[PDB]
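Here the structure comes first, spelled out in structure tokens, and everything after it is commentary.
Values in this text are rule-based calculations from the coordinates and carry no lab data. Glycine also receives a Cβ, built like all others from the backbone with ideal geometry; neighbour counts cover every protein chain displayed.
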Amino acid sequence: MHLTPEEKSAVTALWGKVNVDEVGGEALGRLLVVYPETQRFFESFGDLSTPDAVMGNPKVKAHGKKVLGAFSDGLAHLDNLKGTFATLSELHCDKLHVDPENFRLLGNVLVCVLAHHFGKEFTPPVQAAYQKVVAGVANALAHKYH
Amino acid sequence: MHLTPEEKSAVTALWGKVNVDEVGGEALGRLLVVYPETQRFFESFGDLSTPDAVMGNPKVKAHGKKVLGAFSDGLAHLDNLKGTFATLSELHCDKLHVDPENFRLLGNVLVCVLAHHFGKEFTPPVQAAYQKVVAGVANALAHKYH
Amino acid sequence: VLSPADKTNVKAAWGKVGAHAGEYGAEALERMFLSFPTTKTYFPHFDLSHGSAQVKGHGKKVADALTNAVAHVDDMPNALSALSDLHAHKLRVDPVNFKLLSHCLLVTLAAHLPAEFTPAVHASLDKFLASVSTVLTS
Amino acid sequence: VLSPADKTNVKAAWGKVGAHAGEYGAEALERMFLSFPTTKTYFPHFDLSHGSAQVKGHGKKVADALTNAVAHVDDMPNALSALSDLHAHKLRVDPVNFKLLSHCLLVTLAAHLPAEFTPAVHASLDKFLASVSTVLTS
Ligand code: HEM
Ligand code: HEM
Ligand code: HEM
Ligand code: HEM
């Protein structure tokens, strides 16, 4: 992961203003509404039939916070993404059977949500930096698939 | 390049039996026939109007051999494909303006050409080892796009 | 497919874009070039610097094409015909690149339309951009 | 899209496959599973070991559906509808995987039908597999 010093600054700077609880909720929620194929992994979450059922679902909000906290771990270890996500990778592969293409969908829904929340502040150069990070996290989540 | 030693051994052994003149002309020839969109980068090679025109085109055959030459060079460099293909990467990016998505197309046509020439000896395991080589080469060529 | 609800969402969202469409198209292209550098290979004869007028000029054309697609939401394949011949047969733009531009438009719209970019509308726009991409690539 | 000459190339090659279709579908599966391990995530209830019986049995099913597609090359959407609802709405297979299976099928054919696998025929089969994928993912 080729992250220059400026990109890292920009990224980190940015993350420090993120309310993780909420952004996670929104991110996971929009993933299930915009790309309904990813609902097949969460049948135990109950009602997912409309946008309001999804976005306000308490199990969706709790899971989203969980995903985003892990995402948080990654940003604290940008120079060792593979090590940090190694056990999560094996989990998503061996136990959950998630096609890694789904990791890219989520990565991009997150970029959209950061842009939604920060508007102006989310400039092109800042988006470019976050796109490297989400690609990095998706590649690291994918590495132990076998 | 995560290749098991029995994988490297599998790749090397088959490669030593490869007739570069034939395979190289066939791989490049099939790229342009099977994926005509790639014809836009070789207007200078001449008449590419029909399959028969493409497969007998002496410029197509000669350039194929050069491309396999570069691929042999990576095979003997599997530990540093990045360094091995850097200049070639900059050329494909700054001088010829080739979308790196096209590298995959050539890699797969090449795998289809090996299977066509080796038949039963191109077993699933050998194929898998070569898919890894071919991805790594694609990635190496893309690395310096800026 | 675009459902009725989807069409409504799209009309209402592009509606609110109004006169700022050209600038959004322009921002969307800059976002794409910076975040996904391989896309620049299709524009080697452009000046791709920040503020470039060639880029502003091009952003405007992309947005007009999208406006027209919305105006003819029930016959997009025929309304976008000329643009499909250009992209798929003259330029030969690889389909993945459409996904990258679409994503960049969504980011632009989100960054500028806080109150209208709800989950439902986001799903609708995404579907519309996919439909535009399928047409342009076919 | 599929031309008459493509249709022609595909019937002949496929008719050469003859009674090996089954054997070929299974081989193409095993090539896919070893070369592209992420595809195994859609088959967690299968024994995926070498030469195992679900894979073989499954190989027959894939190869027969292609037999049927060829026979109905002119109206695939209709002939395949049921497989389309299965892969698109029930299984929700991400499209990327279709390109991976198609490649493996091409590799297999080329490995077994050397004389029939000419460039023109490689070109038509590749357009054929892409059309089937399009039907099965829309
Ligand atoms: C940034 C990417 C992702 C990260 C960091 C992440 C993180 C996590 C974490 C921390 C868990 C809890 C693990 C455990 O239960 O011990 C989890 C579980 C899960 N993940 Fe992911 N995940 C990601 C993407 C996805 C995606 C894209 C999918 C599918 C679309 C997915 C499907 C699941 C499922 C189904 C569970 C278990 C849910 C349950 O408790 O029933 N994950 N993920
Ligand atoms: C991924 C495997 C590929 C490799 C290893 C490769 C490598 C090369 C090499 C060694 C040369 C000759 C450099 C020289 O003589 O100075 C070359 C030239 C070139 N390559 Fe590639 N290339 C690859 C794929 C492609 C792709 C897929 C295309 C376009 C579809 C492409 C487009 C070109 C063009 C237009 C030239 C100049 C040819 C000419 O002299 O007109 N390359 N490349
Ligand atoms: C939303 C999808 C897209 C739409 C609606 C669109 C629309 C347009 C329009 C209106 C033109 C100008 C037509 C003219 O001046 O005659 C154009 C040209 C062009 N487009 Fe697209 N485009 C899209 C996606 C893409 C993508 C993904 C690429 C490549 C990454 C691309 C590359 C080009 C190029 C190279 C030209 C010619 C530019 C020039 O030489 O002036 N477009 N497009
Ligand atoms: C040429 C493309 C393909 C064709 C023609 C095809 C055909 C079929 C057929 C005939 C079935 C059995 C349906 C039945 O029982 O009535 C099936 C099932 C299935 N396909 Fe495909 N398929 C294709 C591609 C794919 C790919 C790309 C994937 C994902 C890697 C996939 C995953 C599955 C799975 C998981 C099943 C269910 C297996 C089971 O539950 O027993 N298929 N397909």
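Values computed for the structure shown
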quantity: Qualifying residue in segment D:80-90 (condition: more than 10 Å from ligand 4 (Cβ to nearest atom), crowded, with 19+ Cβ neighbours inside 10 Å and of a type outside the set (S, T, Y)); calculated: no
quantity: Filter result for the condition that a residue is touching a helix residue (DSSP H, G or I) at 6+ places or on another chain (Cβ under 8 Å) and β-branched (V, I, T), over D:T134, D:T39; calculated: D:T39
quantity: Matching residues in segment A:43-95 - criterion: being touching a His at 6+ places or on another chain (Cβ under 6 Å) and touching a residue at least 60 places away in the same chain (Cβ under 8 Å); calculated: A:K82
quantity: Residue in segment A:46-56 that is of a type in the set (A, V, I, L, M, F, W, C) and within 13 Å of ligand 1 (Cβ to nearest atom) present; calculated: yes
quantity: Residue that is surrounded by the fewest Cβ atoms within 10 Å (Cβ to Cβ) [pool: residues in segment D:1-47 that are of a type in the set (A, V, I, L, M) and within 12 Å of chain B (Cβ to nearest Cβ)]; calculated: D:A5
quantity: Residue that is assigned to a loop (DSSP other than H, G, I, E, B) and either within 16 Å of ligand 3 (Cβ to nearest atom) or in contact with a helix residue (DSSP H, G or I) (Cβ under 8 Å, 6 or more places away or on another chain) (or both), where the choices are D:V10, D:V62, D:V55, D:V93; calculated: D:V93
quantity: Count of residues meeting criterion [closer than 20 Å to D:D126 by Cβ and within 7 Å of another protein chain (Cβ to nearest Cβ)] in segment B:120-146; calculated: 3
quantity: Residues satisfying the stated conditions in segment C:99-137, i.e. facing another protein chain (nearest Cβ under 8 Å) and in a loop (DSSP other than H, G, I, E, B); calculated: C:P114, C:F117, C:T118
quantity: Which listed residue is among the β-branched types (V, I, T), over 29 Å from C:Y24 (Cβ atoms) and either exposed (fewer than 14 other Cβ atoms within 10 Å of the Cβ) or touching a residue at least 24 places away in the same chain (Cβ under 8 Å) (or both), from A:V98, A:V113, A:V109; calculated: A:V98
